[PDB]
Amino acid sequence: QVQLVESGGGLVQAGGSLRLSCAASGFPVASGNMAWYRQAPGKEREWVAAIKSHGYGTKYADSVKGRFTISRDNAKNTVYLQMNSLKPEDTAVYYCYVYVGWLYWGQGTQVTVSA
């Protein structure tokens, strides 16, 4: 059992904020290598934020350093993606992945930034 259900996607203005969540079911998030990906139509998919298992650290793509912050809540087994100072170049469908030997992902959620 490997479930990944993204939620929290929506429409926000340029410079606004948005918070995504990745409700994982079937394994503890605290001991899982999880990362947030995104892909806009036309462009190629890319990883933007990541948090490794235990205290192996977090990692961010250069285009989102300082703006995005990945978090990990154990009471809800959910990985969050806090997106501050959003740009129209961040308009994409955001997926959360898990690497446990192989890769598993979810359906994704739509994020759109106007102006």
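Sequential numbering from 1, following the sequence displayed.
Enquirer: Given the B-factors recorded for C-alpha atoms, which segment has the greater mean, 83 to 91 or 25 to 33?
Expert: According to the entry, 83 to 91 carries the higher average C-alpha B-factor.
Enquirer: Test of understanding: from the entry's C-alpha B-factors, which stretch has the higher mean, 4 to 12 or 104 to 112?
Expert: Result of the comparison: 4 to 12.
Enquirer: Select one of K59, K76, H54, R72: the residue whose C-alpha shows the highest B-factor in the crystal structure entry.
Expert: Highest CA B-factor of the listed options: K76.
Enquirer: Compared with the other modelled residues in the chain, in which third is the CA B-factor of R45?
Expert: As the PDB entry reports it, the C-alpha B-factor of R45 lands in the lowest third of its chain.
Enquirer: Could you say whether, by C-alpha temperature factor, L20 belongs to the lowest, middle or highest third of its chain?
Expert: Middle third.
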